[PDB]
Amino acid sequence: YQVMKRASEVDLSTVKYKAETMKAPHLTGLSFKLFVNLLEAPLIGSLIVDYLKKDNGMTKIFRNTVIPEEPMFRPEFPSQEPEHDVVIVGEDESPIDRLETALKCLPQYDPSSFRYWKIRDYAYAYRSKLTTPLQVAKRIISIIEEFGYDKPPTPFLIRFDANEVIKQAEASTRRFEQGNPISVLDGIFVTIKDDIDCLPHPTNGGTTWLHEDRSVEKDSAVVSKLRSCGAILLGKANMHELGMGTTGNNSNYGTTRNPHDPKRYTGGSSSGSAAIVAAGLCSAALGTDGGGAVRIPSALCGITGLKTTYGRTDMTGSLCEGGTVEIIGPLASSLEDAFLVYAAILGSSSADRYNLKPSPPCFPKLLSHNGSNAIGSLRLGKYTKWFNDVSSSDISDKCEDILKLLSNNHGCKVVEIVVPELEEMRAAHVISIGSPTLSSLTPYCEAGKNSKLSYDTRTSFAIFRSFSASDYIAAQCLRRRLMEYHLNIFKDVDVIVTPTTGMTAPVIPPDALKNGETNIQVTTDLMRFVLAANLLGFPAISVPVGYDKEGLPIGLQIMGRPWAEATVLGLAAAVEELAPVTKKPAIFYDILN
């Protein structure tokens, strides 16, 4: 008749890892266009969705279960104990002044197996006049215009003004010529995801029409901070439409291709951001993360993806401002670059500063000795059955070796944990991320703009329109239950270590390049370890940790306490020291030559 719960009284020794996935068929092309038209049909549209939600256990959780907890509408973080061995940075400081402190937290720069270029490598080359930002911009523009990375069918960028990039590089070159560069980011090329505002480009979020209904008159908070440091905004990256996807498929501009294997997906939704950084075209990129959209493509393309704490970074000037799960984080080819870009874009909005009361941001002392005893004192939380729940055995073993290696060189202790109610976490997250997305686009869809969206988005919107208001309340009660679980886990361990994704980069079905696809079995394997950071606001970083049988990159996820970015950055720095990215992508471009 009904089920009952209680979260604070759950016996943790009786929690059982439920390992059934979300079953669904795999439709493509012509068989993908008609069934979407059935979902948009008046009568049978609701009947199909009501059956789908009733078969994957969503009606039982939402409408047949008495949840005793009160709704937690946004991540409510208690006061955290202060971190150990960090450098506190002022809450009211400029991005230039924070980069000066970040450089002090890095090991001494020593210009001495394949390796990506670092931001400090570009920065030293500019100051040694070995090259100039204008010359580096010409090389990038040449690599974009010859292979068509700003054009269909396989673009890194969907908005690119080469003449605008030259203007910034000319101003950056003149600053180095006069010997007064702005910061370490002066001349560094940063790509912006298409759901973040960056002048003079419009914002479409992967659509073809959003610029008509939503205009852009100023930069976003992150782009304004980057631009003030001297960074060169390259353009708007391709993405899965409106972030409603985890593969990167785009029926409008084409699917961005993985630099390791162009026949495979990059991961979503920051497809163009991760791919243009994995290919080495630019030093770093910015992307949004509502359901792993920063860490998922970072794992499948073999780069670093930092998902910061909710509210840590001002999202003003993006398509997901006002949401309860999304953040804006950096994507870079190394921990040092990811830590530098984070140092520039961080800072809460005025409203979030009051509503969330974040602790002053700190930086990790990446310079070990006198360090690496704080790393060894960290307790690593491992949910073994959750850890081993991967498609290929190579991923669980490659990440279990890092946990093994971290204990041999530093002394870290791996603690067996249990994360209860993972199925509830999926249900609570899908409705928490879809409801604000559909609400901010409903006036346009009602105006006839719904047809201009892709079939992959219209499939999600069809399911989103079936969510009632009472379902949202119940889901926020579940968000409190999972918050209490994770806050008690962080009373024992300091981080929760998992693989970032359950599978490596999947190949693109050729019938999916026509007008998208719908493969839940793949999107489920990709969002298995990332939802806890979005629903509960925790910071999570995806660090590469090697490759599998087919040489595809594997990433490890380090999820820490609220506002504990320095801990997840210092641990990932020790991880990448034991597992450096050594293989070169199939698609790669060596600028600075």
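Numbering starts at 1 and runs along the sequence shown.
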Unresolved deposited residues lying between neighbours residue 112 and residue 113: 4 to 9
Mean C-alpha B factor from the entry: is it higher for 247-255 or for 508-516? 508-516
Out of 400-408 and 468-476, which stretch has the higher average CA B-factor listed in the record? 400-408
Residue selected from 130, 239, 285, 296 by maximal Cα B factor: 130
Among 394, 326, 97, 197, single out the one with the highest C-alpha B factor in the record, please. 394
Test of reading the entry: by CA B factor among the chain's modelled residues, which third contains residue 69? middle
Assigned third (lowest, middle, highest) for the C-alpha B factor of residue 152: highest
Please say which third, lowest, middle or highest, residue 342 falls into when its CA temperature factor is compared across its chain. lowest
Binned into thirds over the chain's modelled residues, the C-alpha B-factor of residue 569 lands in the lowest
Is residue 562 in the lowest, middle or highest third of its chain when residues are ranked by C-alpha B-factor? lowest
